[PDB]
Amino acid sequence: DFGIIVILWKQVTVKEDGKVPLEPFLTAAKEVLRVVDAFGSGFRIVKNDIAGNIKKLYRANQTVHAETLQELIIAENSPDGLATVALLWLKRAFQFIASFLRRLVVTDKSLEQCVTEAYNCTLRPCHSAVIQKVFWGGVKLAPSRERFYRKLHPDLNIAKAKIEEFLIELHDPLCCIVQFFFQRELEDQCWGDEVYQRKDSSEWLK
């Protein structure tokens, strides 16, 4: 039922006010772990990042009861806030996953090459030398594109189409959070994938 990731991300509606609803975001965030699981144990760092930071954002909102991500981060008003740090790293992980999957579905590069390029433009500068070496060790455990697709859905054509549909629905909420983190001067290292992060949520397809 991989296609549920598209439905859940479509529920993360960014309206004209440019705020991301918190509960729909976290519900859809958890589904991104499917993508990560299809890569396997070489994505342990990314997996634990995403899962740990989802849980921290629920914990950071337990008393604040913010309706939107922006409201929660504004409430904390600190770069060391527990939601603020958790969302920094969840944002970066989703910029990595978006870049990896964009390259996978638009190019004929190997899956290992797609993940290398994705890492390089997202999480790599955020990682110490020793953690980069752990990540490269996990990239050695990369599956093929086809194995990875089939872990998502047994039909390769459905897996590819649904990754593309997911990328469209991830785009606006993610790019809104990326912009917000610049507005608040919270992101100093990870710039992400310039093609994906263009304004239109389907520009990257071309």
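In this text, residue numbers run from 1 along the sequence as written.
The mean C-alpha temperature factor is higher for 137 to 145 when 137 to 145 and 48 to 56 are set side by side.
In this crystal structure, the stretch out of 190 to 198 and 13 to 21 whose C-alpha atoms carry the higher mean B factor is 13 to 21. Highest CA B-factor among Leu26, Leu170, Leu156, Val178, as stated in the entry: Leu156.
Per the PDB record, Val130 has a higher Cα B-factor than any other of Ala98, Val85, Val130, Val115.
Ranked by C-alpha B-factor against the other modelled residues of its chain, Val6 falls in the lowest third.
Ranked against the other modelled residues of its chain, the C-alpha B-factor of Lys162 as given in the entry falls in the lowest third. Among the modelled residues of its chain, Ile74 has a C-alpha B-factor that falls in the highest third, as given in the PDB entry.
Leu33: CA B factor in the lowest third of modelled residues in this chain (values from the PDB entry).
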